[PDB]
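Here's the structure we're looking at; comments come further down.
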Amino acid sequence: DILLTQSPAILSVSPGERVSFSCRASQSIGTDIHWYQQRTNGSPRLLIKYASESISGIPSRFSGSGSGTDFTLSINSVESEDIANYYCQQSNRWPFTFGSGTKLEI
Amino acid sequence: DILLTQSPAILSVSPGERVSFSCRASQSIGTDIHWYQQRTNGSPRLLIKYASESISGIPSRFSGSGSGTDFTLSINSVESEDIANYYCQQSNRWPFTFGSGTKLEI
Amino acid sequence: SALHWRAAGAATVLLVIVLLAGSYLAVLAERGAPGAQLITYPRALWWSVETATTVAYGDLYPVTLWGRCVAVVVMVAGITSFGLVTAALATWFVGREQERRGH
Amino acid sequence: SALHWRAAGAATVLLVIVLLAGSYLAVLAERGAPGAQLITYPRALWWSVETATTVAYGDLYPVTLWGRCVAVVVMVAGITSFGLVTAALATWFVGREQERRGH
Amino acid sequence: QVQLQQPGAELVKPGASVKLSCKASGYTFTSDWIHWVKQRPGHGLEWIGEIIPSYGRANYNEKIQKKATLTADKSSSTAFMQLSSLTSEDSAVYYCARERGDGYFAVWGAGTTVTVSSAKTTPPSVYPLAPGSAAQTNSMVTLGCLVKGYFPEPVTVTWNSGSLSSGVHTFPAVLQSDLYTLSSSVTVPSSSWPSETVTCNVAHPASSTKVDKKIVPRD
Ligand SMILES: CCCCCCCCCO
Ligand SMILES: CCCCCCCCCO
Ligand code: NA
């Protein structure tokens with residue numbers, strides 16, 4: 001079963017800066033990684049599919065990159081609404097698994 | 001995305017000695033590694049293609065070896081004109097990536 | 001509308017149907033097997049084409065019993081469809097050569 | 001210059017053209033997909049030959065939708081060309097056996 | 001002949017945009033790809049993107065903030081990179097390189113130095129550096145030229161229109177009050193100067209200027 005390591009567990013950044021969340025897979029999984037945002041008391045919201053593909057309605061400040069075992073979610077110019085937990089999730093092998101999440105702090 | 005680690009970042013050698021630059025790939029990439037020399041204020045110049053293949057016009061003191069994850073650029077008998085930064089670059093998977101470079105000091 | 005061309009057309013139609021059903025059913029058989037990769041429909045469709053043509057690159061394959069049974073149906077459907085196309089071509093060439101010899 | 005030999009020659013020519021275009025187009029479809037290996041033309045030509053013969057060693061394969069569509073065209077072109085050669089051989093053997101029986 | 005031709009420099013105000021060009025010569029193939037590489041001062045090579053001119057499709061480094069847009073004009077064999085809404089983080093040398101579709105960069109352009117700043121373009125003043133009357137000489141004499149008060153980088157300093165290359169150093173510029181200054185040093189056999197002339201040639205591409213200064217003794 002594929003382990004997704006998200007570290008560091010907390011990222012602190014100043015407003016307007018670029019931030020990058022890391023997701024590392026215990027084995028090579030192509031680009032089968034998806035990224036979700038969950039704000040306090042909210043449901044998770046898909047942000048990026050297949051490592052880099054945009055989702056309609058998601059701000060263009062969000063992008064993704066990587067392939068194989070190493071993946072990155074990036075926000076250009078963080079603002080307050082981006083405060084949330086961020087989760088990666090793989091669909092390359094059964095069962096689907098989730099990373100343990102990274103909190104964004106400003 | 002393939003990470004190319006070049007370490008050490010600086011190599012110091014005495015004139016006329018043999019020197020070897022190391023390039024290590026984060027995954028196996030056959031012989032799809034190419035080596036470039038960049039002197040101060042100069043453009044990069046291809047030295048070696050596909051890990052070991054000579055380039056016309058490059059001195060025969062330059063050679064390359066390795067395959068898989070471990071690659072070596074070698075200079076037999078370093079001289080002053082060899083002072084430069086040396087970069088490896090992979091073409092095995094998209095996107096092409098570069099190592100962080102090794103400086104030669106005499 | 002000779003018989004061999006009709007059977008070629010039917011074979012193509014059935015093969016397309018087999019690719020679609022094989023894709024859907026391979027995903028259904030493989031989910032629940034830890035480590036299985038043949039578990040989303042777009043790449044399952046690619047795998048079914050790989051399997052039917054025998055151009056099996058090895059990027060995807062079933063690990064379960066029912067996924068492998070599905071695979072065997074896809075293999076046999078593809079191999080026999082392409083053999084039937086060859087047989088239709090042979091018949092067409094044979095008829096045309098008989099006319100060319102004036103038999 | 002019988003029909004089956006002509007169609008074999010045409011098939012060979014078209015297959016070579018398909019290998020060349022498939023190589024070029026696979027590189028065009030696959031660059032921009034992180035992790036893709038089918039991204040330089042010499043090995044793309046080798047991969048197209050692998051794909052057309054069905055001798056798919058698994059050293060190279062497309063990961064994108066359009067690369068896989070290109071692959072399918074190469075597969076079908078190769079498999080049908082080789083089937084057409086078989087059909088031409090069958091026609092030649094059939095004609096020669098009819099003459100040998102004096103029909 | 002030079003295979004890839006790029007302008008030496010471009011000055012861009014913060015927030016503005018600039019279109020870099022790369023005119024190609026030599027053998028041209030439908031399998032040709034033109035790549036763009038960013039190098040920040042004292043840093044490594046960073047791949048920006050690629051374009052296949054015969055088809056017009058471009059791909060971009062996904063790991064970095066997308067600031068480039070690649071196009072190509074097949075009629076003039078020229079590839080363009082539009083860099084948009086720049087900050088100082090975009091100041092760098094931008095190289096173009098040609099790859100024959102086989103994975104390596106066979107040839108590179110000379111690079112365009114892009115400076116992102118609100119300061120004003122200023123051509124250099126070029127002054128001679130000849131020894132005073134009490135300096136003594138040996139088998140060699142050292143001369144120089146002082147290139148002062150220019151913006152932005154770079155300047156190219158040659159000696160005797162490039163024919164004099166042995167014995168030349170050009171020092172890195174220092175930046176003060178939004179103006180750069182450097183000097184270049186040249187050493188020749190003392191017997192040969194001033195009988196054989198010695199001139200420095202200072203090109204400042206951002207100002208499109210090229211000035212000469214003969215080094216004559218203080219006599
Ligand atoms: C030959 C078609 C068999 C259909 C497979 C259904 C999957 C059953 C999983 O328990
Ligand atoms: C069947 C031939 C399709 C050609 C593929 C072109 C690549 C388009 C990439 O967006
Ligand atoms: Na086969």
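In the structure tokens, chains take letters A, B, ... by order of appearance, with residues numbered from 1 within each chain and ligands from 1 in the order shown.
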Nearby polymer residues, ligand 1, at most 7 Å, only C-alpha atoms and all ligand atoms, as a PyMOL selection string = chain C and resi 25-26+28-29+66-67+69-70+73
Residues from last step as file, C-alpha atoms, as a short mmCIF file (atom, residue, chain, number, x, y, z; two decimals), in the first residue's frame:
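Now in result_10.cif:
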```cif
data_model
loop_
_atom_site.label_atom_id
_atom_site.label_comp_id
_atom_site.auth_asym_id
_atom_site.auth_seq_id
_atom_site.Cartn_x
_atom_site.Cartn_y
_atom_site.Cartn_z
CA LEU C 25 -14.97 -5.30 -16.16
CA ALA C 26 -11.22 -5.28 -15.58
CA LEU C 28 -14.45 -4.06 -11.53
CA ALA C 29 -12.35 -7.22 -11.04
CA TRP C 66 -11.31 -12.53 -12.85
CA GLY C 67 -9.15 -9.75 -14.28
CA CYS C 69 -10.14 -14.15 -17.31
CA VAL C 70 -11.31 -10.83 -18.74
CA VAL C 73 -11.39 -12.86 -23.54
#
```
request  = Provide as an NGL selection string the residues of chain B at most 12 Å from chain A, counting only C-alpha atoms.
outcome  = :B and (1-3 or 26-27 or 93-95)
Now that the selection is made, can you save its residues with N, CA, C and O atoms as a PDB file, in the first residue's frame?
```
ATOM      1  N   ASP B   1      10.281  14.089 -11.535  1.00  0.00           N
ATOM      2  CA  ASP B   1      11.316  14.831 -12.258  1.00  0.00           C
ATOM      3  C   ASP B   1      12.684  14.410 -11.751  1.00  0.00           C
ATOM      4  O   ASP B   1      12.876  14.244 -10.553  1.00  0.00           O
ATOM      5  N   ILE B   2      13.641  14.233 -12.655  1.00  0.00           N
ATOM      6  CA  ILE B   2      14.893  13.588 -12.280  1.00  0.00           C
ATOM      7  C   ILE B   2      15.832  14.610 -11.658  1.00  0.00           C
ATOM      8  O   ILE B   2      16.152  15.632 -12.274  1.00  0.00           O
ATOM      9  N   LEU B   3      16.276  14.327 -10.435  1.00  0.00           N
ATOM     10  CA  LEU B   3      17.246  15.161  -9.743  1.00  0.00           C
ATOM     11  C   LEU B   3      18.654  14.678 -10.064  1.00  0.00           C
ATOM     12  O   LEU B   3      18.953  13.485  -9.944  1.00  0.00           O
ATOM     13  N   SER B  26      18.662  10.584  -9.592  1.00  0.00           N
ATOM     14  CA  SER B  26      17.719  10.054  -8.622  1.00  0.00           C
ATOM     15  C   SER B  26      16.994   8.814  -9.125  1.00  0.00           C
ATOM     16  O   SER B  26      16.370   8.120  -8.321  1.00  0.00           O
ATOM     17  N   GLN B  27      17.065   8.507 -10.413  1.00  0.00           N
ATOM     18  CA  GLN B  27      16.602   7.210 -10.888  1.00  0.00           C
ATOM     19  C   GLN B  27      17.449   6.800 -12.084  1.00  0.00           C
ATOM     20  O   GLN B  27      18.239   7.589 -12.617  1.00  0.00           O
ATOM     21  N   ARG B  93      13.901  11.447 -19.304  1.00  0.00           N
ATOM     22  CA  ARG B  93      12.490  11.665 -19.011  1.00  0.00           C
ATOM     23  C   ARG B  93      12.195  13.155 -19.081  1.00  0.00           C
ATOM     24  O   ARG B  93      13.068  13.979 -18.811  1.00  0.00           O
ATOM     25  N   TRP B  94      10.934  13.498 -19.424  1.00  0.00           N
ATOM     26  CA  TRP B  94      10.507  14.887 -19.469  1.00  0.00           C
ATOM     27  C   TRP B  94      10.151  15.367 -18.058  1.00  0.00           C
ATOM     28  O   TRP B  94       9.505  14.641 -17.303  1.00  0.00           O
ATOM     29  N   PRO B  95      10.566  16.578 -17.666  1.00  0.00           N
ATOM     30  CA  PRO B  95      11.377  17.527 -18.431  1.00  0.00           C
ATOM     31  C   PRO B  95      12.879  17.291 -18.298  1.00  0.00           C
ATOM     32  O   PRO B  95      13.333  16.697 -17.310  1.00  0.00           O
TER      33      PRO B  95
END
```
Can you work out which residues from chain E touch chain B at a cut-off of 8 Å (counting only C-alpha atoms) and hand them back as a list in words? residues 44, 45, 46, 47, 61, 95, 103, 104, 105, 106, 107, 108, 109, 110 and 111 of chain E
- Which value, in Å to one decimal, gives the distance between CA of residue 11 in chain B and CA of residue 106 in chain B?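 For CA of residue 11 in chain B relative to CA of residue 106 in chain B, the distance reads 8.3 Å.
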Taking only C-alpha atoms into account, find every residue of chain C that has an atom no more than 10 Å from chain A, and write it out as an NGL selection string.
:C and (30-40)
My list of candidates is D:68, D:43, D:4, D:96. Which is closest to chain E when distances are computed with only C-alpha atoms?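 Among the listed residues, the smallest separation from chain E belongs to D:43.
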Got a sec to check which residues lie within 9 Å of ligand 3, using only C-alpha atoms and all ligand atoms, and send them as a list in words?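 Checked against 9 Å with only C-alpha atoms and all ligand atoms; the hits are residues 53, 54, 55, 56 and 79 of chain C; 53, 54, 55, 56 and 79 of chain D.
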Exercise for review: For chain E, report every residue with an atom at most 6 Å from chain D (counting only C-alpha atoms), formatted as a PyMOL selection string.
Suggested key: chain E and resi 59+101-102
Compute the set of chain C residues within 8 Å of chain D, using only C-alpha atoms, and express it as a PyMOL selection string. chain C and resi 46+49+53-59+82-83+85-87+89-90+93-94+96-98
- Could you jot down the CA of residue 51 in chain E to CA of residue 30 in chain E separation for me, Å, one decimal place?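 About the pair CA of residue 51 in chain E and CA of residue 30 in chain E: they are 11.7 Å apart.
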Extract the full set of strand (DSSP E or B) residues from range 7-105 of chain A according to DSSP on the backbone, and format it as a PyMOL selection string. chain A and resi 10-12+19-25+33-38+45-49+53-54+62-67+70-75+85-90+97-98+102-105
Take the residues that were just selected and, keeping C-alpha atoms, output them as a short mmCIF file (atom, residue, chain, number, x, y, z; two decimals), in the first residue's frame.
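Saved as selection_36.cif:
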```
data_model
loop_
_atom_site.label_atom_id
_atom_site.label_comp_id
_atom_site.auth_asym_id
_atom_site.auth_seq_id
_atom_site.Cartn_x
_atom_site.Cartn_y
_atom_site.Cartn_z
CA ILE A 10 3.21 22.90 9.13
CA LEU A 11 4.33 25.64 6.74
CA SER A 12 4.56 29.28 7.85
CA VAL A 19 4.74 28.44 -0.92
CA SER A 20 5.34 24.80 -1.83
CA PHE A 21 3.90 21.70 -0.16
CA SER A 22 5.81 18.44 -0.57
CA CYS A 23 4.30 14.98 -1.17
CA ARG A 24 6.58 11.95 -1.41
CA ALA A 25 5.37 8.49 -2.48
CA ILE A 33 -1.44 12.31 -7.38
CA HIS A 34 -4.29 14.70 -6.55
CA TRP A 35 -4.34 17.65 -4.13
CA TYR A 36 -7.17 18.80 -1.84
CA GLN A 37 -7.70 21.82 0.41
CA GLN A 38 -9.70 21.54 3.63
CA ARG A 45 -12.00 20.53 -2.14
CA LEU A 46 -10.09 19.19 -5.14
CA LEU A 47 -7.41 21.66 -6.21
CA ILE A 48 -5.17 19.81 -8.65
CA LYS A 49 -5.62 16.48 -10.42
CA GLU A 53 -3.93 19.59 -14.14
CA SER A 54 -6.05 22.61 -13.32
CA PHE A 62 -2.50 27.07 -7.44
CA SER A 63 -0.25 24.81 -9.49
CA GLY A 64 1.31 21.39 -9.17
CA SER A 65 4.40 19.66 -10.42
CA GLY A 66 6.43 16.49 -10.12
CA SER A 67 6.17 12.84 -11.11
CA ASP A 70 8.18 13.54 -5.63
CA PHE A 71 5.30 15.99 -6.03
CA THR A 72 4.77 19.62 -5.15
CA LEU A 73 1.69 21.75 -4.69
CA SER A 74 2.49 25.42 -5.08
CA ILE A 75 0.67 28.67 -4.31
CA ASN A 85 -4.90 21.82 5.59
CA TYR A 86 -3.59 20.40 2.31
CA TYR A 87 -3.75 16.69 1.47
CA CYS A 88 -2.31 14.66 -1.37
CA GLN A 89 -3.89 11.41 -2.54
CA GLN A 90 -2.72 8.68 -4.94
CA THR A 97 -4.32 6.45 0.03
CA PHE A 98 -3.98 9.96 1.48
CA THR A 102 0.22 19.98 5.72
CA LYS A 103 -1.20 23.06 7.48
CA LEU A 104 -0.56 26.47 5.91
CA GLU A 105 0.10 29.32 8.38
#
```
Exercise. Pick out each residue of chain E that DSSP on the backbone tags as helix (DSSP H, G or I); I need them as an NGL selection string.
Key: :E and (74-76 or 88-90 or 160-162 or 190-192 or 205-207)
Go ahead and save the residues from that selection, with N, CA, C and O atoms, as a PDB file, in the first residue's frame.
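That gives us again.pdb:
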```pdb
ATOM      1  N   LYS E  74       8.683  30.933 -38.417  1.00  0.00           N
ATOM      2  CA  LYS E  74       9.411  30.038 -39.308  1.00  0.00           C
ATOM      3  C   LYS E  74       9.961  30.784 -40.510  1.00  0.00           C
ATOM      4  O   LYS E  74      10.996  30.392 -41.063  1.00  0.00           O
ATOM      5  N   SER E  75       9.292  31.865 -40.920  1.00  0.00           N
ATOM      6  CA  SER E  75       9.742  32.630 -42.075  1.00  0.00           C
ATOM      7  C   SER E  75      11.068  33.336 -41.821  1.00  0.00           C
ATOM      8  O   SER E  75      11.823  33.562 -42.770  1.00  0.00           O
ATOM      9  N   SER E  76      11.381  33.680 -40.569  1.00  0.00           N
ATOM     10  CA  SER E  76      12.648  34.332 -40.252  1.00  0.00           C
ATOM     11  C   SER E  76      13.525  33.487 -39.333  1.00  0.00           C
ATOM     12  O   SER E  76      14.487  34.010 -38.760  1.00  0.00           O
ATOM     13  N   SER E  88      12.350  41.746  -9.748  1.00  0.00           N
ATOM     14  CA  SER E  88      13.798  41.599  -9.693  1.00  0.00           C
ATOM     15  C   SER E  88      14.226  40.136  -9.659  1.00  0.00           C
ATOM     16  O   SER E  88      15.355  39.822 -10.060  1.00  0.00           O
ATOM     17  N   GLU E  89      13.352  39.233  -9.200  1.00  0.00           N
ATOM     18  CA  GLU E  89      13.637  37.802  -9.245  1.00  0.00           C
ATOM     19  C   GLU E  89      13.786  37.281 -10.677  1.00  0.00           C
ATOM     20  O   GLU E  89      14.268  36.161 -10.866  1.00  0.00           O
ATOM     21  N   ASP E  90      13.423  38.077 -11.679  1.00  0.00           N
ATOM     22  CA  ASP E  90      13.526  37.700 -13.077  1.00  0.00           C
ATOM     23  C   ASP E  90      14.777  38.241 -13.761  1.00  0.00           C
ATOM     24  O   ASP E  90      15.030  37.886 -14.916  1.00  0.00           O
ATOM     25  N   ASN E 160      42.244  46.214 -28.892  1.00  0.00           N
ATOM     26  CA  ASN E 160      42.583  46.293 -30.312  1.00  0.00           C
ATOM     27  C   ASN E 160      41.604  45.491 -31.162  1.00  0.00           C
ATOM     28  O   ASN E 160      41.995  44.633 -31.955  1.00  0.00           O
ATOM     29  N   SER E 161      40.311  45.762 -30.954  1.00  0.00           N
ATOM     30  CA  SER E 161      39.229  45.134 -31.718  1.00  0.00           C
ATOM     31  C   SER E 161      39.306  43.611 -31.680  1.00  0.00           C
ATOM     32  O   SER E 161      38.968  42.941 -32.654  1.00  0.00           O
ATOM     33  N   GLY E 162      39.777  43.055 -30.565  1.00  0.00           N
ATOM     34  CA  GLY E 162      39.787  41.627 -30.348  1.00  0.00           C
ATOM     35  C   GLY E 162      41.099  40.939 -30.651  1.00  0.00           C
ATOM     36  O   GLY E 162      41.297  39.798 -30.213  1.00  0.00           O
ATOM     37  N   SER E 190      56.926  45.759 -22.923  1.00  0.00           N
ATOM     38  CA  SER E 190      57.170  47.185 -22.728  1.00  0.00           C
ATOM     39  C   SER E 190      57.838  47.814 -23.942  1.00  0.00           C
ATOM     40  O   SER E 190      57.557  48.971 -24.270  1.00  0.00           O
ATOM     41  N   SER E 191      58.692  47.057 -24.637  1.00  0.00           N
ATOM     42  CA  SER E 191      59.335  47.568 -25.844  1.00  0.00           C
ATOM     43  C   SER E 191      58.324  47.929 -26.928  1.00  0.00           C
ATOM     44  O   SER E 191      58.601  48.799 -27.761  1.00  0.00           O
ATOM     45  N   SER E 192      57.144  47.298 -26.925  1.00  0.00           N
ATOM     46  CA  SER E 192      56.198  47.432 -28.027  1.00  0.00           C
ATOM     47  C   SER E 192      55.214  48.587 -27.862  1.00  0.00           C
ATOM     48  O   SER E 192      54.531  48.930 -28.829  1.00  0.00           O
ATOM     49  N   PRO E 205      25.580  47.188 -24.800  1.00  0.00           N
ATOM     50  CA  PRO E 205      24.451  46.850 -25.690  1.00  0.00           C
ATOM     51  C   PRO E 205      23.149  47.521 -25.304  1.00  0.00           C
ATOM     52  O   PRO E 205      22.370  47.883 -26.193  1.00  0.00           O
ATOM     53  N   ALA E 206      22.876  47.682 -24.009  1.00  0.00           N
ATOM     54  CA  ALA E 206      21.628  48.310 -23.586  1.00  0.00           C
ATOM     55  C   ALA E 206      21.511  49.751 -24.057  1.00  0.00           C
ATOM     56  O   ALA E 206      20.394  50.276 -24.148  1.00  0.00           O
ATOM     57  N   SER E 207      22.637  50.410 -24.313  1.00  0.00           N
ATOM     58  CA  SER E 207      22.653  51.746 -24.882  1.00  0.00           C
ATOM     59  C   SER E 207      22.947  51.727 -26.370  1.00  0.00           C
ATOM     60  O   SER E 207      22.958  52.788 -26.998  1.00  0.00           O
TER      61      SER E 207
END
```
